[PDB]
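Asks: The structure follows.
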Amino acid sequence: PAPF
Amino acid sequence: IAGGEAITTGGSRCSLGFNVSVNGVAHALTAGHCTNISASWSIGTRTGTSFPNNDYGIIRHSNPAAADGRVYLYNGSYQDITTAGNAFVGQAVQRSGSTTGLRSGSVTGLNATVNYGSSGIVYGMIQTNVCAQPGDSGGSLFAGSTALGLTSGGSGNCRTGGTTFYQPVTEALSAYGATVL
């Protein structure tokens, strides 16, 4: 996951 | 400007979460990983930020008339927001954001820990099967007129689908003594  | 619309700083873009009031003064909630970038936004000045651990931040509006207490549905209509609530597993939700617009899905988990690697770890996130893409962060997670969260991050995209995590809005409102408009 990653920050949008 | 309403929930889910673009807010920018220099070349960066995030989405507005919810317009709120702090002792009668208009502010906007968005993601903390967005407000960490700068104090100066298209809509005003940052007055609070918390990322990582949490993922929320607040901006005071330069123009109080712009604090629209609704969410934009990207179809020329808006959803009126009247309250804030807590999500529950299986709840039908919608998300609005400036890259992908409006998308729907359901809550699949609560209090999830999310490791963003170099960006850090966030705790207590709402988990959903709604897709999102870069640019959608800070945007609104809601169910009808009840505000639930702010888009933080996830995996995948809106073509293949993915998993997304949201900062519960009630923690952000109590951090700042704010109430949704």
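Labeling convention for the structure tokens: chains A, B, ... as they appear, residues from 1 per chain, ligands from 1 in order of appearance.
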Would you please extract all strand (DSSP E or B) residues from range 36-165 of chain B, as assigned by DSSP on the backbone, and give them as a JSON list (two decimals) with N, CA, C and O atoms, in the first residue's frame?
Replies:
```json
[["chain", "number", "residue", "atom", "x", "y", "z"],
["B", 40, "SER", "N", 0.76, 26.37, 2.78],
["B", 40, "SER", "CA", -0.05, 27.22, 1.87],
["B", 40, "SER", "C", -0.81, 26.41, 0.83],
["B", 40, "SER", "O", -0.19, 25.72, 0.01],
["B", 41, "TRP", "N", -2.13, 26.52, 0.89],
["B", 41, "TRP", "CA", -3.03, 25.80, -0.01],
["B", 41, "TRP", "C", -3.86, 26.77, -0.84],
["B", 41, "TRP", "O", -4.09, 27.92, -0.47],
["B", 44, "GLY", "N", -6.47, 28.12, 1.42],
["B", 44, "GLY", "CA", -6.19, 28.80, 2.70],
["B", 44, "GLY", "C", -4.88, 28.33, 3.29],
["B", 44, "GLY", "O", -4.03, 27.78, 2.57],
["B", 45, "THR", "N", -4.81, 28.58, 4.58],
["B", 45, "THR", "CA", -3.60, 28.23, 5.39],
["B", 45, "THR", "C", -3.84, 27.05, 6.31],
["B", 45, "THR", "O", -4.79, 26.90, 7.09],
["B", 46, "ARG", "N", -2.82, 26.15, 6.33],
["B", 46, "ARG", "CA", -2.85, 24.95, 7.17],
["B", 46, "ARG", "C", -2.83, 25.35, 8.62],
["B", 46, "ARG", "O", -1.90, 26.15, 8.95],
["B", 47, "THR", "N", -3.64, 24.82, 9.48],
["B", 47, "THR", "CA", -3.55, 25.14, 10.93],
["B", 47, "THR", "C", -3.31, 23.90, 11.75],
["B", 47, "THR", "O", -3.18, 24.01, 12.99],
["B", 48, "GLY", "N", -3.16, 22.74, 11.09],
["B", 48, "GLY", "CA", -2.91, 21.50, 11.88],
["B", 48, "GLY", "C", -2.54, 20.35, 10.95],
["B", 48, "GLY", "O", -3.09, 20.32, 9.83],
["B", 49, "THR", "N", -1.69, 19.47, 11.44],
["B", 49, "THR", "CA", -1.31, 18.29, 10.61],
["B", 49, "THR", "C", -0.86, 17.12, 11.52],
["B", 49, "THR", "O", -0.22, 17.41, 12.54],
["B", 50, "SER", "N", -1.16, 15.90, 11.12],
["B", 50, "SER", "CA", -0.77, 14.74, 11.89],
["B", 50, "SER", "C", -0.53, 13.56, 10.93],
["B", 50, "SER", "O", -1.51, 12.94, 10.51],
["B", 53, "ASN", "N", 1.23, 7.72, 11.82],
["B", 53, "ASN", "CA", 0.52, 7.38, 13.08],
["B", 53, "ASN", "C", -0.98, 7.63, 12.70],
["B", 53, "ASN", "O", -1.73, 6.67, 12.50],
["B", 56, "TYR", "N", -4.42, 12.83, 9.24],
["B", 56, "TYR", "CA", -5.39, 13.97, 9.09],
["B", 56, "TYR", "C", -4.70, 15.31, 9.21],
["B", 56, "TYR", "O", -3.60, 15.39, 9.77],
["B", 57, "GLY", "N", -5.32, 16.36, 8.67],
["B", 57, "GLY", "CA", -4.74, 17.73, 8.72],
["B", 57, "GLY", "C", -5.96, 18.68, 8.52],
["B", 57, "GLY", "O", -7.03, 18.19, 8.10],
["B", 58, "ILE", "N", -5.76, 19.94, 8.83],
["B", 58, "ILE", "CA", -6.87, 20.93, 8.71],
["B", 58, "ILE", "C", -6.29, 22.21, 8.15],
["B", 58, "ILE", "O", -5.13, 22.58, 8.40],
["B", 59, "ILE", "N", -7.08, 22.90, 7.36],
["B", 59, "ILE", "CA", -6.79, 24.13, 6.68],
["B", 59, "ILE", "C", -7.92, 25.16, 6.96],
["B", 59, "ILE", "O", -9.09, 24.78, 6.83],
["B", 60, "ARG", "N", -7.46, 26.33, 7.33],
["B", 60, "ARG", "CA", -8.49, 27.40, 7.60],
["B", 60, "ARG", "C", -8.76, 28.04, 6.25],
["B", 60, "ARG", "O", -7.86, 28.44, 5.47],
["B", 61, "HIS", "N", -10.04, 28.16, 5.87],
["B", 61, "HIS", "CA", -10.42, 28.84, 4.61],
["B", 61, "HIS", "C", -10.11, 30.33, 4.57],
["B", 61, "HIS", "O", -10.47, 31.02, 5.51],
["B", 70, "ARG", "N", -21.25, 19.85, 1.93],
["B", 70, "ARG", "CA", -21.67, 18.77, 1.05],
["B", 70, "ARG", "C", -20.45, 18.08, 0.44],
["B", 70, "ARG", "O", -19.29, 18.49, 0.59],
["B", 71, "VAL", "N", -20.71, 17.01, -0.26],
["B", 71, "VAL", "CA", -19.74, 16.19, -0.98],
["B", 71, "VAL", "C", -20.17, 16.26, -2.48],
["B", 71, "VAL", "O", -21.35, 16.02, -2.78],
["B", 72, "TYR", "N", -19.19, 16.52, -3.33],
["B", 72, "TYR", "CA", -19.47, 16.60, -4.79],
["B", 72, "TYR", "C", -19.55, 15.18, -5.36],
["B", 72, "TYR", "O", -18.63, 14.40, -5.07],
["B", 78, "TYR", "N", -24.64, 17.03, -5.62],
["B", 78, "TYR", "CA", -23.90, 16.95, -4.35],
["B", 78, "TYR", "C", -24.68, 16.20, -3.32],
["B", 78, "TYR", "O", -25.94, 16.19, -3.35],
["B", 79, "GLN", "N", -23.97, 15.61, -2.37],
["B", 79, "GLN", "CA", -24.65, 14.91, -1.25],
["B", 79, "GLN", "C", -24.54, 15.87, -0.06],
["B", 79, "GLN", "O", -23.38, 16.28, 0.23],
["B", 80, "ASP", "N", -25.64, 16.17, 0.60],
["B", 80, "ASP", "CA", -25.58, 17.06, 1.79],
["B", 80, "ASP", "C", -25.03, 16.22, 2.97],
["B", 80, "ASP", "O", -25.50, 15.09, 3.13],
["B", 83, "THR", "N", -24.00, 14.93, 9.51],
["B", 83, "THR", "CA", -23.35, 14.44, 10.74],
["B", 83, "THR", "C", -22.07, 13.64, 10.47],
["B", 83, "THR", "O", -21.78, 13.38, 9.32],
["B", 84, "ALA", "N", -21.41, 13.26, 11.56],
["B", 84, "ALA", "CA", -20.18, 12.39, 11.41],
["B", 84, "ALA", "C", -20.50, 11.07, 12.10],
["B", 84, "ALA", "O", -21.27, 11.19, 13.10],
["B", 92, "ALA", "N", -22.31, -0.10, 3.33],
["B", 92, "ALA", "CA", -22.31, 0.41, 1.95],
["B", 92, "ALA", "C", -21.75, 1.84, 2.04],
["B", 92, "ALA", "O", -22.36, 2.63, 2.81],
["B", 93, "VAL", "N", -20.67, 2.13, 1.36],
["B", 93, "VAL", "CA", -20.10, 3.49, 1.43],
["B", 93, "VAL", "C", -19.77, 4.01, 0.04],
["B", 93, "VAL", "O", -19.71, 3.26, -0.94],
["B", 94, "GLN", "N", -19.51, 5.29, -0.04],
["B", 94, "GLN", "CA", -19.10, 5.98, -1.26],
["B", 94, "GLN", "C", -17.85, 6.82, -0.91],
["B", 94, "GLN", "O", -17.72, 7.20, 0.28],
["B", 95, "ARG", "N", -17.06, 7.06, -1.94],
["B", 95, "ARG", "CA", -15.82, 7.84, -1.74],
["B", 95, "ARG", "C", -15.79, 8.82, -2.88],
["B", 95, "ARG", "O", -16.13, 8.37, -3.99],
["B", 96, "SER", "N", -15.42, 10.07, -2.68],
["B", 96, "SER", "CA", -15.33, 11.09, -3.72],
["B", 96, "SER", "C", -13.90, 11.62, -3.67],
["B", 96, "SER", "O", -13.32, 11.86, -2.55],
["B", 97, "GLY", "N", -13.31, 11.81, -4.82],
["B", 97, "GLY", "CA", -11.87, 12.28, -4.84],
["B", 97, "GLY", "C", -11.64, 12.86, -6.23],
["B", 97, "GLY", "O", -12.33, 12.49, -7.17],
["B", 101, "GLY", "N", -13.02, 10.59, -9.11],
["B", 101, "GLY", "CA", -14.43, 10.96, -8.93],
["B", 101, "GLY", "C", -15.15, 10.21, -7.85],
["B", 101, "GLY", "O", -14.61, 10.12, -6.72],
["B", 102, "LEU", "N", -16.35, 9.67, -8.13],
["B", 102, "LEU", "CA", -17.15, 8.97, -7.11],
["B", 102, "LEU", "C", -17.07, 7.48, -7.32],
["B", 102, "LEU", "O", -17.21, 7.04, -8.51],
["B", 103, "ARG", "N", -16.87, 6.69, -6.34],
["B", 103, "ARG", "CA", -16.78, 5.23, -6.39],
["B", 103, "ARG", "C", -17.50, 4.70, -5.16],
["B", 103, "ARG", "O", -17.58, 5.38, -4.12],
["B", 104, "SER", "N", -18.00, 3.48, -5.31],
["B", 104, "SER", "CA", -18.75, 2.89, -4.16],
["B", 104, "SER", "C", -18.22, 1.53, -3.82],
["B", 104, "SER", "O", -17.47, 0.90, -4.60],
["B", 105, "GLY", "N", -18.57, 1.05, -2.63],
["B", 105, "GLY", "CA", -18.12, -0.27, -2.15],
["B", 105, "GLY", "C", -18.59, -0.50, -0.72],
["B", 105, "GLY", "O", -19.67, 0.01, -0.37],
["B", 106, "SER", "N", -17.81, -1.28, 0.01],
["B", 106, "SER", "CA", -18.27, -1.55, 1.39],
["B", 106, "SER", "C", -17.04, -1.68, 2.26],
["B", 106, "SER", "O", -15.92, -1.90, 1.78],
["B", 107, "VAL", "N", -17.29, -1.45, 3.55],
["B", 107, "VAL", "CA", -16.25, -1.54, 4.57],
["B", 107, "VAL", "C", -15.97, -3.02, 4.83],
["B", 107, "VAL", "O", -16.91, -3.80, 5.09],
["B", 108, "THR", "N", -14.71, -3.38, 4.80],
["B", 108, "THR", "CA", -14.27, -4.78, 5.03],
["B", 108, "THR", "C", -13.47, -4.96, 6.29],
["B", 108, "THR", "O", -13.27, -6.13, 6.70],
["B", 109, "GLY", "N", -13.04, -3.91, 7.01],
["B", 109, "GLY", "CA", -12.25, -4.12, 8.25],
["B", 109, "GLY", "C", -12.10, -2.78, 8.96],
["B", 109, "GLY", "O", -12.26, -1.72, 8.32],
["B", 110, "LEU", "N", -11.81, -2.82, 10.21],
["B", 110, "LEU", "CA", -11.65, -1.66, 11.04],
["B", 110, "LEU", "C", -10.31, -1.75, 11.77],
["B", 110, "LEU", "O", -9.76, -2.87, 11.91],
["B", 111, "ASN", "N", -9.91, -0.61, 12.21],
["B", 111, "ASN", "CA", -8.63, -0.57, 12.97],
["B", 111, "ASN", "C", -7.48, -1.31, 12.29],
["B", 111, "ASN", "O", -6.70, -2.00, 13.00],
["B", 112, "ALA", "N", -7.30, -1.14, 11.01],
["B", 112, "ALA", "CA", -6.18, -1.77, 10.27],
["B", 112, "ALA", "C", -4.90, -0.93, 10.42],
["B", 112, "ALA", "O", -4.96, 0.32, 10.49],
["B", 113, "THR", "N", -3.78, -1.61, 10.51],
["B", 113, "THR", "CA", -2.45, -1.04, 10.58],
["B", 113, "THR", "C", -1.94, -1.04, 9.14],
["B", 113, "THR", "O", -2.01, -2.11, 8.43],
["B", 114, "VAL", "N", -1.45, 0.10, 8.67],
["B", 114, "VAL", "CA", -0.97, 0.19, 7.29],
["B", 114, "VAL", "C", 0.45, 0.73, 7.25],
["B", 114, "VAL", "O", 0.72, 1.85, 7.68],
["B", 115, "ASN", "N", 1.31, -0.09, 6.69],
["B", 115, "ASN", "CA", 2.73, 0.28, 6.54],
["B", 115, "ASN", "C", 2.94, 0.83, 5.16],
["B", 115, "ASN", "O", 2.80, 0.10, 4.17],
["B", 121, "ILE", "N", 4.09, 4.30, 9.17],
["B", 121, "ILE", "CA", 2.97, 3.42, 9.51],
["B", 121, "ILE", "C", 1.84, 4.22, 10.10],
["B", 121, "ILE", "O", 2.09, 5.14, 10.90],
["B", 122, "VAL", "N", 0.62, 3.84, 9.65],
["B", 122, "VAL", "CA", -0.58, 4.50, 10.23],
["B", 122, "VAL", "C", -1.38, 3.38, 10.89],
["B", 122, "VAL", "O", -1.35, 2.20, 10.48],
["B", 123, "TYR", "N", -2.06, 3.64, 11.94],
["B", 123, "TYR", "CA", -2.86, 2.76, 12.74],
["B", 123, "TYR", "C", -4.34, 3.25, 12.77],
["B", 123, "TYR", "O", -4.61, 4.45, 12.59],
["B", 124, "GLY", "N", -5.17, 2.25, 13.04],
["B", 124, "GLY", "CA", -6.58, 2.45, 13.26],
["B", 124, "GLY", "C", -7.36, 2.85, 12.04],
["B", 124, "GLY", "O", -8.34, 3.58, 12.24],
["B", 125, "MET", "N", -6.97, 2.38, 10.88],
["B", 125, "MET", "CA", -7.63, 2.79, 9.64],
["B", 125, "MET", "C", -8.82, 1.90, 9.27],
["B", 125, "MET", "O", -8.88, 0.69, 9.49],
["B", 126, "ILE", "N", -9.77, 2.60, 8.66],
["B", 126, "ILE", "CA", -10.98, 1.90, 8.12],
["B", 126, "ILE", "C", -10.46, 1.24, 6.82],
["B", 126, "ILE", "O", -9.72, 1.87, 6.04],
["B", 127, "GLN", "N", -10.88, -0.01, 6.60],
["B", 127, "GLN", "CA", -10.49, -0.69, 5.37],
["B", 127, "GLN", "C", -11.70, -0.90, 4.46],
["B", 127, "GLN", "O", -12.79, -1.29, 5.01],
["B", 128, "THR", "N", -11.56, -0.68, 3.18],
["B", 128, "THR", "CA", -12.68, -0.89, 2.24],
["B", 128, "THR", "C", -12.22, -1.53, 0.92],
["B", 128, "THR", "O", -11.02, -1.49, 0.65],
["B", 140, "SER", "N", -13.49, 12.42, 0.67],
["B", 140, "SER", "CA", -14.55, 11.97, 1.54],
["B", 140, "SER", "C", -14.99, 10.53, 1.49],
["B", 140, "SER", "O", -15.21, 10.12, 0.34],
["B", 141, "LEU", "N", -15.15, 9.89, 2.62],
["B", 141, "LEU", "CA", -15.69, 8.54, 2.73],
["B", 141, "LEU", "C", -17.02, 8.88, 3.50],
["B", 141, "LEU", "O", -16.93, 9.51, 4.57],
["B", 142, "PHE", "N", -18.13, 8.47, 2.90],
["B", 142, "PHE", "CA", -19.43, 8.80, 3.55],
["B", 142, "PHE", "C", -20.47, 7.73, 3.19],
["B", 142, "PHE", "O", -20.29, 6.86, 2.33],
["B", 143, "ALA", "N", -21.57, 7.82, 3.90],
["B", 143, "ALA", "CA", -22.76, 6.93, 3.72],
["B", 143, "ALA", "C", -23.96, 7.88, 3.82],
["B", 143, "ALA", "O", -24.30, 8.28, 4.94],
["B", 146, "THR", "N", -23.97, 11.05, 6.30],
["B", 146, "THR", "CA", -23.06, 10.85, 7.46],
["B", 146, "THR", "C", -21.60, 10.73, 6.95],
["B", 146, "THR", "O", -21.31, 9.85, 6.13],
["B", 147, "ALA", "N", -20.77, 11.62, 7.48],
["B", 147, "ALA", "CA", -19.32, 11.63, 7.18],
["B", 147, "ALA", "C", -18.66, 10.51, 7.99],
["B", 147, "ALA", "O", -18.97, 10.36, 9.21],
["B", 148, "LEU", "N", -17.75, 9.73, 7.36],
["B", 148, "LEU", "CA", -17.08, 8.65, 8.01],
["B", 148, "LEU", "C", -15.53, 8.70, 7.98],
["B", 148, "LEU", "O", -15.01, 8.25, 9.00],
["B", 149, "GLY", "N", -14.94, 9.11, 6.91],
["B", 149, "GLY", "CA", -13.47, 9.10, 6.87],
["B", 149, "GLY", "C", -12.86, 9.94, 5.80],
["B", 149, "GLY", "O", -13.51, 10.62, 5.01],
["B", 150, "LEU", "N", -11.48, 9.94, 5.85],
["B", 150, "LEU", "CA", -10.69, 10.72, 4.88],
["B", 150, "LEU", "C", -9.77, 9.69, 4.17],
["B", 150, "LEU", "O", -9.04, 8.95, 4.84],
["B", 151, "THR", "N", -9.78, 9.77, 2.87],
["B", 151, "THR", "CA", -8.92, 8.80, 2.10],
["B", 151, "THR", "C", -7.44, 8.95, 2.45],
["B", 151, "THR", "O", -6.86, 10.03, 2.30],
["B", 152, "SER", "N", -6.81, 7.82, 2.81],
["B", 152, "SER", "CA", -5.37, 7.84, 3.14],
["B", 152, "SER", "C", -4.54, 7.19, 2.05],
["B", 152, "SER", "O", -3.63, 7.82, 1.44],
["B", 153, "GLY", "N", -4.85, 5.95, 1.76],
["B", 153, "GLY", "CA", -3.99, 5.24, 0.71],
["B", 153, "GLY", "C", -4.59, 3.86, 0.46],
["B", 153, "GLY", "O", -5.75, 3.56, 0.78],
["B", 154, "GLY", "N", -3.73, 3.04, -0.18],
["B", 154, "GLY", "CA", -4.17, 1.65, -0.51],
["B", 154, "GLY", "C", -3.30, 1.05, -1.61],
["B", 154, "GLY", "O", -2.19, 1.51, -1.86],
["B", 155, "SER", "N", -3.86, 0.02, -2.20],
["B", 155, "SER", "CA", -3.21, -0.74, -3.30],
["B", 155, "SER", "C", -4.20, -0.82, -4.45],
["B", 155, "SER", "O", -5.43, -0.62, -4.31],
["B", 156, "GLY", "N", -3.67, -1.07, -5.61],
["B", 156, "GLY", "CA", -4.43, -1.20, -6.86],
["B", 156, "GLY", "C", -4.81, 0.15, -7.44],
["B", 156, "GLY", "O", -4.18, 1.19, -7.17],
["B", 157, "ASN", "N", -5.89, 0.06, -8.24],
["B", 157, "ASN", "CA", -6.43, 1.20, -8.92],
["B", 157, "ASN", "C", -7.89, 0.98, -9.35],
["B", 157, "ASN", "O", -8.43, -0.08, -9.09],
["B", 161, "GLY", "N", -9.25, -2.51, -9.62],
["B", 161, "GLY", "CA", -9.86, -2.47, -8.26],
["B", 161, "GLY", "C", -8.66, -2.53, -7.29],
["B", 161, "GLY", "O", -7.50, -2.65, -7.74],
["B", 162, "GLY", "N", -9.01, -2.43, -6.01],
["B", 162, "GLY", "CA", -7.93, -2.49, -4.99],
["B", 162, "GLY", "C", -8.59, -2.31, -3.64],
["B", 162, "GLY", "O", -9.83, -2.38, -3.57],
["B", 163, "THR", "N", -7.74, -2.15, -2.64],
["B", 163, "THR", "CA", -8.11, -1.98, -1.24],
["B", 163, "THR", "C", -7.70, -0.57, -0.82],
["B", 163, "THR", "O", -6.60, -0.15, -1.26],
["B", 164, "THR", "N", -8.57, 0.07, -0.06],
["B", 164, "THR", "CA", -8.22, 1.45, 0.36],
["B", 164, "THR", "C", -8.49, 1.55, 1.85],
["B", 164, "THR", "O", -9.31, 0.85, 2.43],
["B", 165, "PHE", "N", -7.64, 2.47, 2.44],
["B", 165, "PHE", "CA", -7.71, 2.72, 3.88],
["B", 165, "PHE", "C", -8.07, 4.20, 4.16],
["B", 165, "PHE", "O", -7.57, 5.05, 3.39]]
```
